[PDB]
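Single-letter residue listing:
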Amino acid sequence: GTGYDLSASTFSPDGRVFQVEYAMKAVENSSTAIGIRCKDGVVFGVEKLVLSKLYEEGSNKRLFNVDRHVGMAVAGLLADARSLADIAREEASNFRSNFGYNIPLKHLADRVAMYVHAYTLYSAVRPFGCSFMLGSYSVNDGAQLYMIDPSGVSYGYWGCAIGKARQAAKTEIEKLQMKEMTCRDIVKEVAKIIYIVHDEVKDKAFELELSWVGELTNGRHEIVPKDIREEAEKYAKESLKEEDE
Amino acid sequence: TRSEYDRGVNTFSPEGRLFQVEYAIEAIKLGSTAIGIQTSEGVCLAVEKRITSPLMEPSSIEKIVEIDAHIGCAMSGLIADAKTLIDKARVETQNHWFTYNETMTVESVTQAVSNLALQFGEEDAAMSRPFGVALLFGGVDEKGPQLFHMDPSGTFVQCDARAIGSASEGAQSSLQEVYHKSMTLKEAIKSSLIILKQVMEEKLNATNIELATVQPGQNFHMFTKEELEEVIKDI
Amino acid sequence: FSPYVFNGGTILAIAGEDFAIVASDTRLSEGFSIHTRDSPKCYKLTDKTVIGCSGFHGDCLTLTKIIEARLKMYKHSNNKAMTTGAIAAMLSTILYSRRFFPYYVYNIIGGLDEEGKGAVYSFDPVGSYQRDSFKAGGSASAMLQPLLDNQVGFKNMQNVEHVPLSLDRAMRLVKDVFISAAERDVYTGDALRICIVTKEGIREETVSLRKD
Amino acid sequence: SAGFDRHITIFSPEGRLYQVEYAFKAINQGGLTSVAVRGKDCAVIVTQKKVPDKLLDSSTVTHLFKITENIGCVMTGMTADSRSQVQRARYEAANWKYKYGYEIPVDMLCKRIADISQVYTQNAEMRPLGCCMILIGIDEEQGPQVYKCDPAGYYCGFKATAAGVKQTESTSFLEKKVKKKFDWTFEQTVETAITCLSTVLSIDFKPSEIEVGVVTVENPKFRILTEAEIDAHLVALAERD
Amino acid sequence: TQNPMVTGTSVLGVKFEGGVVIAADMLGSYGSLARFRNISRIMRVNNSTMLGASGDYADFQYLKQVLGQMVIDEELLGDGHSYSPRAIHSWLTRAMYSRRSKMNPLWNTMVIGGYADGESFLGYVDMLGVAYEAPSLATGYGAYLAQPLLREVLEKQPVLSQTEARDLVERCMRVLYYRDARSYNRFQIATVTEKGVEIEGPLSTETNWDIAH
Amino acid sequence: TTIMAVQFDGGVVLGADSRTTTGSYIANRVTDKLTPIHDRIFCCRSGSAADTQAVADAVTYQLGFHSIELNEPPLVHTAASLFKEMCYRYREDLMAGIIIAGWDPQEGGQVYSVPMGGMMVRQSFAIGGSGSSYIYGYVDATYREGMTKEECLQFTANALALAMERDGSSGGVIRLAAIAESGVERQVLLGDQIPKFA
Amino acid sequence: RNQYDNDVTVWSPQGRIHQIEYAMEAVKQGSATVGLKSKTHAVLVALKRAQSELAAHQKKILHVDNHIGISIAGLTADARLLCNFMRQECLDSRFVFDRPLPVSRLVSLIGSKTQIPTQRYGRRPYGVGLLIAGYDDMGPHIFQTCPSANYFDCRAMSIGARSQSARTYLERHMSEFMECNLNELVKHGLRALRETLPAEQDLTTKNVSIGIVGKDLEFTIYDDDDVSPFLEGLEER
Amino acid sequence: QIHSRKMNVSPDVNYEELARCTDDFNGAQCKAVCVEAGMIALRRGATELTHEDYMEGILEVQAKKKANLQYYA
């Protein structure tokens, strides 16, 4: 082996810590989670993989509610993802307890990024093996969407995609006028993009998990209703047939 | 290949095995054999004492010890770990009596000792390796006579008859052949001594064995020289 | 800031050859206010044991919850429900655990022992322990226990048959003593709960008392 | 000598800290470059700004941070380490103002950060986070000040410095430009910094692919120049050069 | 909280047949001074639970913050489970008793109203840890002069409808403002029913002073 | 002492007397009760000077760090919340009552009053200090919704003048601070600029 | 490998973490257990092993608070530790909140607790897989937890050595579930264990444990002669 | 599937689970897994191969043995 890739506290003779890169490799092996920031909201879509017909519907949710007004879409080791969701929930709770108002998403992203960097600093713990996205909307700050990765970088975004099909998802997102779309249509676009990037002969089973947080929810993140998800799924299948034609 | 997987008690092997627990269980065999038999009339313990030389008075090899007035322990493995677990059992029985004002059941005391034994590297108990000692708690409680076997991994289970120690594999077969539920305590003593004489390289006579019994009634009794000779007369 | 308040309360327990009666007034005040009328002071720890707790109501509730939790822990640890004697000893230990901040609660456990006969244990707040034959506690215990002494112990009545008290007679004794209690003790009154513990199980019987 | 290489606390037989040197290599790993120059009465930091996607919010993407009201920094290296060290610098400045009642001097904040880094270089608890911090501020008695806080505890003060991939080229260019009339004005300093970056990178800058922060004696508050100001500087100075 | 600085006043709760209705002044008194008058001493814990405190308003605010954060965490979980009125009552009782035993009491006396599973719940978590489920509660100095009316009405008619329950709470708050030195003629009525919790603004009593002249 | 705050559309005016007694002797007679928390948020302090000053300095530190980290101006609610957390936590050690008034872009012109204890109540006009009661009743009648900056300044000046006149522990000069979008304008009424009988 | 699987703290150069996989292998050294659920019941059924014909059969169903039971497959030490933790959590919830702890929240607590070891070098991942059967006011639940700290809400699942036979049977027959009487439900579980059993072997009262929870039925464990009404009714192959 | 095509492999085998259990087998090792499954089915007088026979095939291919280790529930 390299000899410098054990422990996240060792710099290779290039300035590279390889444990963080291996964590990034681990996240770049999972299902695809995308998120698009429309003008009046943010929509997360995830192509959850039903790994067995035994699991009930809604098992292994990769869309968490990290505080009432903020949604989280994870991609990678789901155990680490749940732990990070708990960490972010605790950070938002502490913010609301101390300062007395809903945590700004920029600040929440920075806090969780600092936590992930804490775990990538040391040799007694391994870097978090998952990426995730934090989305929210409020009247006084506007729709926001951030992405955090195992190395702990918290760049903002207009459209993001993490997982196996990230490059294809970004390519299919660039061809969208997100800055002037509304939630009711960006949800359908999210479903279409997820269906296009999904691989049927490799991943077999599939379930689309959608959520939005936007003006039409009063800044309250929630799972997209049943009828809306059904209509978006129907539109995505029709669009798949159209693209095939 | 078991060189990167059996150097620590908190490292799994590709098969999912704790080789250090395996090795403690192996260290069990280095002790002298001990046969316990559970019967409707009580429970019997009979152990091969292994006097290395004279001048070591017999009441220093404690293979059979007393836990409360209604349990005995037949031990096999490291003497130090044996002492630790026996002390834990005694203190736990006394604590349960102090709190609830009753006698701890054999199953419950074995469970407490096993609970102590589980904590190999669990960083909140301090022991760092499995206790290399296997125990037979034979006692009497409200459920009638019972005998329980505990091993280094902390696993315990009742046993209508069991044999631990060096001659465990070769004596449990004899126990299987000879044991039946409708057996009296005298029959159990005779059969256990017969198996011990079978599996011992030394001759069975007076010393080099210990025998004890816990019955629904009189407390845990360790047969002295007179009783040992009387039984050995016509084992 | 006094951390104790006397909520008032009267409990009574009578052992017997094959039964154990544990009864309690339902009134629960906070001084000179009757406040609540419901919430009797007898809890069914297990199908063979009922505990009556009187005094500070917060301590009564917390101690009852602790007893229930410890019963569950014992059940998980020993694969068998606690006997009444074991419950009494464990409760003595629990009460003495807070020896320097005592549970302001008088306890009377009543139930069937292992042999199957009645058994009543009485505790003081610090954790004293005694297997009485019949005991009263709370506010009206002063005017209740004497009559139990008279009619179950046949005290001061020479030349009398010492017939074991039947369940019906014991119930009548309890009801009469609690009627007199509701009359003389302002705390006592306002409905009466009776828990009869026997091999069949625990029977709950309620008797109307003076409403005031 | 490769055995003395996997531990931050092991001296090479000739007395070298290979893990610290590797932290410097990590500085030279973000691809970006940064330059800083101080005039008579101003200090300027300019950083290459890469936004290689239309979906990435350029407003959030940045390497210029306001450590306090009157101190700014440009960070180069790993982004997570950069932001962690920026938070540490803000916390230290706040503590200084709380304890001593006056704003932290830039040199003092640099010494504090350098000491924090030296602690990690000495003990073996963390890795030396691989980022380089260039701080600028206005000191009431000294004037404009530019400093570095490399990840080994070295924090010398600078007339003009650079960090990142092309630090050597930028250093040579600034040496040449400072041997001749080091006395620079605000516009001249911005010219020198932007020209240094452009020449070392072998590219002419769009108003967006560059980020400039400035402090001046007249206005001693760290200001990040807007797109209009950057474009004005580029066009006017390229025209009148 | 050894000393209560700015205290509320009596809080009432009545078991409407299809819900629970509680009433509480908006006055936060500081000794013998009104001080803050436009403060609501009633909280909407969740869709089917509501709280009313009659003690130190700072302690009530702290408990409101804690309960709201707990409910927010539960909703974040969003697994179809909601804190019952009884569960909130038990948690509040445990918190109050724990701080009592710690000798750092929360100087609050709180009515917990709720309507879950078609069952109306009303509890009386006090400062020390005493917890109840009475049909009607009048915490504070209003116990003496409010519980009698509620009890007599309930005994003459155990089941109360919306209109009569509202009228009864209005008359009880009327008597409270009449003969409670630390009361105020501006009280909130919070009603929890199957449709949710509604707090009906700054209601006022139509006091009749010619009765005694 | 006496401190007051009045809210007007788009801003808020704070006012405070300048007496600091240590019994019946004025240790400081030009004390500056008003303290600038961040830039626009101000706190008027009352109670023990040591506790109030320590709390104000700690809150200034916390709010400055918070605002720098957020890259946004702080909220008056956030500042008053920090004050509330500290005061409520250390109820038993802090003999301090504070009035946090200021302006922020979202909810400009805010006045919260954290009295003894840990309360948290917004008010159109807030009053605190030993001499509060008198002017408290007086403002109950004088206040009218819809005042402008000048009317609020005169209102605060007259109120504090009454409190100083009728309170032994309050007296000296009257310090006013008007906060709004433009910033903070602080002034002092020394001996004659302050009303004589009203 | 050979330097990337010594501890849980090292990522292999493939985005793969090896000691967690080794614990997930350890889960297969246990014995077969099948959990499943109707619309008003939840049933765990476990194939108890035997260390000798004299020693009794190791218990595999443990009793968490009245509305929850657990079936274990893997290290018995970790089984004991997790059972104790679950019991303590349920007791704490029933003490603070006077109501049973929701199963979906108990499993979240278990997931966090079991994930903590999978990231820090102070211990090994809990080498025990769990089938948690419970009944909260929402409805009967069957959950699976694996040493990786991942939990799945399963309508019917199986774990242990020789598990795929039972899993295939469950996949084939799960359409029948929900609208089943308790007897039929237990029979389906027993059929699943029969499928995982070697052909010559068969389900006997000695080696079968059956835990049942559901509406108006607090978690009850049937062992020894208690399973006779189930095995006796069960049809033969 | 390729190397088990010409056998009596029961439909219930789960080749996805087998691929999960392999963990860095060659194609030669996968063929050997199929062959050893066939031999194990020939033992115990089996008319069809079964998933458990396949598991024993992986075990024999790795040369490892399966034992009921006593410290496992």
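**Some words on the overall build of chain F**
Thought 1: When its secondary structure is counted, chain F shows four helices and 12 strands.
Thought 2: Taken against the 2.2 N^0.38 rule, which gives 16 Å for 198 residues, the C-alpha radius of gyration of chain F at 16 Å falls within 12% of a compact globule.
Thought 3: Each principal axis of the C-alpha distribution contributes one length, and for chain F these read about 50 × 40 × 25 Å.
Thought 4: When the 198 residues of chain F are sorted by exposure, 56% land in the buried category.
Thought 5: Across chain F, every contact between residues at least 6 apart in sequence was considered, and the portion connecting residues at least 24 apart equals 61%.
Thought 6: Each charge class in chain F can be summarised by its mean position, and for the 15 positive and 22 negative side chains these summaries are 7 Å apart.

**Some points on the overall build of chain A**
Thought 1: Summing up its helical and strand segments, chain A has seven helices and nine strands in all.
Thought 2: Taken against the 2.2 N^0.38 rule, which gives 18 Å for 245 residues, the C-alpha radius of gyration of chain A at 18 Å falls within 12% of a compact globule.
Thought 3: Residues classed as buried in chain A amount to 66% of the 245 residues present.
Thought 4: If you sum the accessible surface of chain A, you get close to 9,000 Å²; carbon and sulfur atoms cover 48% of it.
Thought 5: Looking at chain A, you have 31 positive and 37 negative side-chain charges, and the mean spots of the two groups are 2 Å apart.

**Thoughts on the interface of chain G and chain A**
Thought 1: The interface of chain G with chain A comprises 33 residues on the first partner and 32 residues on the second.
Thought 2: Of the roughly 2,600 Å² buried at the junction of chain G and chain A (both faces included), carbon and sulfur atoms supply 54%.
Thought 3: Across the contact surface, chain G and chain A share one salt bridge.
Thought 4: As a salt-bridge pair, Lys37 of chain G and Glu56 of chain A come within 3.2 Å of each other at their nearest N and O atoms.

**With respect to the interface of chain C and chain E**
When the parts of a complex come together, some accessible area is lost, and that lost area is often taken as the interface size.
Thought 1: Contacts between the two partners involve 23 residues from chain C and, on the opposite side, 21 residues from chain E.
Thought 2: Taken together, the links from chain C to chain E amount to two salt bridges.
Thought 3: Where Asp59 of chain C meets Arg100 of chain E, a salt bridge forms, and the shortest distance between an N and an O atom there is 3.1 Å.
Thought 4: Class assignment for the residues of the side of chain C that touches chain E results in 10 nonpolar, eight polar and five charged.

**Thoughts on the pairing of strand β6 (residues 118-123) of chain C**
Residue and element names in this part refer to chain C.
Thought 1: Burial analysis of β6 places six of its six residues in the buried class, which makes it a mostly covered element.
Thought 2: The side-chain alternation of β6 yields two buried faces, one formed by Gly118, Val120 and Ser122 and the other by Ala119, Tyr121 and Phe123.
Thought 3: Taken together, strand β5 (residues 105-112) and the strand that follows it, β6, pair antiparallel across an intervening segment of five residues, in which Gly116 is found at a positive phi of about 110 degrees.

**Notes on the side chain of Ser117 of chain D**
Thought 1: Structurally, the position occupied by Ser117 of chain D is in helix α3 (residues 106-122).
Thought 2: If sequence neighbours within four positions are ignored, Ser117 of chain D has contacts with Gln85, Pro151 and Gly153 of chain D.

**Here's the deal with the arrangement of the chains**
Thought 1: There are 13 pairs of chains in contact here, and the one with the most contacts is chains A and G.
Thought 2: With respect to C-alpha atoms, chain B approaches chain D no nearer than 21 Å, and the pair has no contact.
Thought 3: Chain A makes no contact with chain H; the smallest distance between any of their C-alpha atoms is 11 Å.

**A word on the nonpolar core**
Thought 1: Ranked by size, the top nonpolar core spans 52 residues in total, and within it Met72 and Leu84 of chain A together with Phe83 and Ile100 of chain F carry the most contacts.
Thought 2: In this structure, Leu36, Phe177, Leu193 and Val213 of chain G belong to the second largest nonpolar core, which totals 44 residues.

**Brief notes about the sheet that holds strand β6 (residues 144-150) of chain B**
Residue and element names in this part refer to chain B.
Thought 1: With antiparallel pairing, the five strands of this open sheet are ordered in space as β3-β4-β5-β6-β7. Among the strands making up the open sheet, the edge pair consists of β3 (64-67) and β7 (156-158). On average, each strand axis in the sheet is inclined to that of its neighbour by 25 degrees, with strand direction left out of account.
Thought 2: Bridge count between strand β5 (residues 133-141) and β6: seven bridges; the pairing is antiparallel. Residue pairing in the sheet places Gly138 in a bridge with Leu147 of β6.
Thought 3: In the packing of helix α2 (residues 79-100) onto the sheet, contacts are made with β3, β4 (71-77), β5 and β6, and the angle to β3 comes to roughly 20 degrees.
Thought 4: Contacting β3, β4, β5, β6 and β7, helix α3 (residues 106-118) crosses the sheet at an angle of about 15 degrees to β6.

**Brief notes about unusual backbone geometry**
Residues and elements named next belong to chain B.
Thought 1: Here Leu55, not a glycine, exhibits a phi torsion of approximately 75 degrees, which is positive.
Thought 2: Within the secondary structure, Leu55 is located in the loop between β2 (42-48) and β3.
Thought 3: On the accessibility criterion, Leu55 (92% relative accessible area) is exposed.

**What to know about the pattern of salt bridges**
All names here are of chain B.
Thought 1: With the rule as written, the count across this model stands at 68 salt bridges over all chains.
Thought 2: Here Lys83 ties to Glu62 by a salt bridge, and the two come within 3.8 Å at their closest N and O atoms. In this pair, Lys83 is assigned in helix α2 and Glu62 in the loop between β2 and β3, connecting sequence segments 21 residues apart.

**So, the sheet that holds strand β5 (residues 110-116) of chain E**
Residue and element names in this part refer to chain E.
Thought 1: Across the sheet, four strands lie side by side as β3-β4-β5-β6; this open sheet has antiparallel pairing. Both outer strands of the open sheet, β3 (42-46) and β6 (119-125), are each paired with one neighbouring strand and no more. Sheet twist, expressed as the average angle between the axes of neighbouring strands with direction ignored, equals 20 degrees.
Thought 2: Pairing of β5 with β6, which is carried by seven bridges, proceeds in the antiparallel orientation. Within β6, the residue paired with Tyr115 across the bridge is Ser120.
Thought 3: The strands that helix α1 (residues 57-77) touches are β3, β4 (49-53) and β5; relative to β3, the one it contacts most, it runs at about 15 degrees.

**Some details on a negative patch on the surface**
Residues and elements named next belong to chain A.
Thought 1: A cluster of like negative charges, contributed by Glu200, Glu238, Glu242, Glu243, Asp244 and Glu245, occupies part of the molecular surface.
Thought 2: The leading source of residues in the negative patch is helix α7 (residues 226-244), at four residues.
Thought 3: Structurally, the position occupied by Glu238 is in helix α7.
Thought 4: On the accessibility criterion, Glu238 (34% relative accessible area) is partly exposed.

**What to know about the packing of helix α2 (residues 79-100) of chain D against α3 of chain D**
Between two packed helices, both the angle of their axes relative to each other and the distance between the axes serve to describe the pair.
Residues and elements named next belong to chain D.
Thought 1: One can describe the packing of α2 onto α3 by two numbers: an axis separation of 10 Å at closest approach and a directional angle of 125 degrees. With respect to their mutual orientation, α2 and α3 come out oblique. Relative to α3, the crossing made by α2 is right-handed. Residue-level inspection shows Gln85, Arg88, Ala89, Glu92, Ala93, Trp96, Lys99 and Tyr100 of α2 in contact with α3, the latter providing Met108, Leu109, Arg112, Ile113, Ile116, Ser117 and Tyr120.
Thought 2: Tallied by class, the residues present in the contact of α2 with α3 amount to nine nonpolar, two polar and four charged.

**So, the packing of helix α2 (residues 27-42) of chain H against helix α3 (residues 51-62) of chain H**
All names here are of chain H.
Thought 1: Their axes nearest at 7 Å, the elements α2 and α3 cross at an angle of 120 degrees. One element, α2, and the other, α3, form an angle in the oblique class. In this structure, the crossing between α2 and α3 has a hand that is right-handed. Across the interface between the two elements, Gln29, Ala32, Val33, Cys34, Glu36, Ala37, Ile40 and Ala41 from α2 touch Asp53, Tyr54, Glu56, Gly57, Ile58, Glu60 and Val61 from α3.

**A few points about helix α3 (residues 103-115) of chain G**
Thought 1: Its 13 residues give α3 of chain G an end-to-end C-alpha distance of 18 Å, which sits within 8% of 18 Å, the value for a rise of 1.5 Å per residue.
Thought 2: Residues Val103, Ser104, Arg105, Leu106, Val107, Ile110, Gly111, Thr114 and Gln115 of chain G constitute the buried set of α3 of chain G.

**Quick word on the environment of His81 of chain E**
Thought 1: Here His81 of chain E lies in the loop between α1 and α2 (85-102).
Thought 2: Those residues in contact with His81 of chain E, other than ones at most four positions away along the chain, are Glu74 of chain E together with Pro102, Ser104, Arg105, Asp136, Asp137 and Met138 of chain G.

**Digging into the packing of aromatic side chains**
Aromatic ring pairs are reported here in terms of the distance separating the ring centres and the angle at which the planes meet.
Residues and elements named next belong to chain E.
Thought 1: Evaluated as defined, the whole model comprises 39 aromatic pairs over all chains.
Thought 2: Between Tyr57 and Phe60, the ring centres sit 5.4 Å apart and the planes meet at 55 degrees, which makes this aromatic pair tilted. Of this pair, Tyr57 and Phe60 both sit in helix α1, three residues apart, roughly one helical turn. Of the two residues, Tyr57 and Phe60, both sit in the buried class.

Criteria and cut-off values
Residues numbered from 1 in each chain as written, not as in the entry; some residues may be left out. Chains lettered and ligands numbered in written order. Part of a larger assembly, values for the part shown. Heavy atoms only, no water. Helix = DSSP H or I, 4+ residues; strand = E, 2+ residues; numbered from the N terminus. Rg over C-alpha atoms; globule rule 2.2 N^0.38 Å. Buried < 20%, exposed > 50% of the residue type's maximum accessible area, 1.4 Å probe, protein only. Contact = heavy atoms within 4.5 Å. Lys, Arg positive; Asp, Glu negative; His and termini not counted. Charge placed at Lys NZ, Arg CZ, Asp CG, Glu CD. Areas by Shrake-Rupley, 256 points an atom, 1.4 Å probe, with all protein chains shown as cover. Buried area = accessible area lost by both parts, 1.4 Å probe. Salt bridge = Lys/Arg side-chain N within 4 Å of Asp/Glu carboxyl O. Nonpolar A, V, L, I, M, F, W, Y, C, P; charged D, E, K, R; others polar. Pairing = 2+ DSSP bridges. Core = buried A, V, L, I, M, F, W, Y, C linked by side-chain atoms within 4.5 Å. Axes fitted to C-alpha atoms, helices over the stretch in contact; angles between N-to-C directions. Patch = residues over 30% accessible without salt bridge, like charges linked within 9 Å, V, L, I, M, F, W, Y side chains within 5 Å. Parallel < 35°, antiparallel > 145°, perpendicular 65-115°, else oblique. Left-handed = near helix turned anticlockwise from the far one by under 90°. Expected span 1.5 Å × (residues − 1). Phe/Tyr/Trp six-rings, centres within 6.5 Å; stacked < 30°, edge-to-face > 60°.

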